[PDB]
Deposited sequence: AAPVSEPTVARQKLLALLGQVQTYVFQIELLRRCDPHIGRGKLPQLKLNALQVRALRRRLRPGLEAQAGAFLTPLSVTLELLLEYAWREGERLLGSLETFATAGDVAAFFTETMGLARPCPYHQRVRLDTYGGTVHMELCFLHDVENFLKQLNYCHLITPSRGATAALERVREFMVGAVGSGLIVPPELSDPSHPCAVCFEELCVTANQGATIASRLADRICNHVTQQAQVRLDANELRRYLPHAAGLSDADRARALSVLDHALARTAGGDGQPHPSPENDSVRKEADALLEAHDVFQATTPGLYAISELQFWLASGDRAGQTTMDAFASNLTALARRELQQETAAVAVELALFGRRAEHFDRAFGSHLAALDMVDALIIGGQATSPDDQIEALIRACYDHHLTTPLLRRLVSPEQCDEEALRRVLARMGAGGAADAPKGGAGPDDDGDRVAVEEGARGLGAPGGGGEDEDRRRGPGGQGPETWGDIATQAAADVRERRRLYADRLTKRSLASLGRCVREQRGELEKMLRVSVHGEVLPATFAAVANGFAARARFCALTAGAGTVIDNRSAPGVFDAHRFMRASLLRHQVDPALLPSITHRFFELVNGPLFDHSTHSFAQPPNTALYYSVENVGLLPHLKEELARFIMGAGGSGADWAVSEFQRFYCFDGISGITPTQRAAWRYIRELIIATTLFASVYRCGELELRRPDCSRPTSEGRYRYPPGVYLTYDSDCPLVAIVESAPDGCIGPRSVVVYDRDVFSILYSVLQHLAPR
């Protein structure tokens, strides 16, 4: 049990390096906001760290290059992103610091580092470049990478290999800039309204009370491409750590505390009224409580600010001008909302939620409509008990004001009590949802959002398919006897013979489920697997996931589910002589994908009929996107007939590969476009044995 494999201690070493690099990126994001005169003190440290990051590549460069071309993993994707973002932002900040001490101005240093004069470097062009038509999209947001990777996953049987792994290098160039930090997400590129690919499985797996998923997916925050990090911050954090500092070995650690105590003993709240206000004004209100809480928070913030200023003055001698001070003038002229979203470097973004909840929830609210929030499970349990118990057993039209005003006053007197009794007697299940939804939509906006683990996982899951396909395309070219049949000097005869000998039999309608399954298994993409899990699911579900995420028109799901439901020679053979996977006379995205579904159906039904007629062959219809690599550099492609989805040389028949799995000198393989010639070449081999 003592010998541990090298790809296990190497993973631990890489995790340690990833932790160090994440720490370094944190320090970088910190120095982009400190006063330049203090940053210049850490100029040798920053230069040495940038040197270390530079020297960290040029060693992991060939390793990660040979990895990106063979089965990326969510480790070496985040590692690439972070080792690129460090090598970028470290040198950028170092340049911005060495530009300082020449001009000697701070307000123009926080416009270089913090990027206040850039042309918004959060745009990209993808140009998917499928067959028939090269659709192009732009990656502006974070969900716009999910919605492009899912599109490239769904349109994988239609997209060339080297035309996709060259549009993924254009996605990584954006991710390095957006999700490259891995620690904080700018509010620009984060739209929590758009659901992700893993919060669609949530609704599919959690409980739905009717309310089909197409309508449940529109009330979601998706909470996965960005998280909340639950930052908490004590009250007297400055006084706690003051008697314990890094240096300060002198008694100055006591005079600093003295000046802190002396200075301690030494939000635009006037804007709430212009918001909508209901009910009685005289007396306590929700607005009054919110104003008092925000005043307390502002007082704590001001006290912390003045104590920090006094401590920095007494300790080092110079009052530093960090980002929040050099641009502090813009923190004054701030509206209630623009200063409620941002703000609170002394308090925490959870303290604002606390100040709001303490305002909306007092002892006078109600007996009901208060317990359902503190326990949304006992409410549904009581509802289940109740359900089980119930199921067990004229004229004189006035013109002046005195009458129309009185009748309107009576009508509003009735109706103001009507809905007031609605919100209390009935409508508890609706209010218990509305409030628990608005509270979530608030906490997602106020809490510090960091980053989610979705993008560097789906990116790897998508890129691995195309990597494996391009790897199988080139690993078989170097093999034993190759029988490449893309040149047809004498193949028409053997193609037409086999096509006639196979079109003579019916599809055996007792086999239509075993064909629909192998159709939904080929058509599906590599991202949404859901069919090779330990707790597998039918391929139609693994396809429903991959086709519902990328919003597909409902008028095309019947064309997919009911494609092989009907199976004579019509709708059976679509390929011409050598144009099996050729999309020359088709443009678009959906009519270019129907032509791929047709070729896949033809291949499947031809293989079934060949197994039925010539019983000698087995014809395991496989796909190269499977067969993930073992411990090292071994792929063990078993025999069969691979589709390969490549319009250059689609069908690759591996008739006799090896007794161990790899492709070497005893691995006769047959390249061909057409399917029937492939079947004839397979017959000419497997039969005399």
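**Q** If I number the deposited sequence starting at 1, which residue ranges have no C-alpha coordinates at all?
**A** Holes in the chain trace, numbered from 1: 267 to 304, 432 to 476, 651 to 652.
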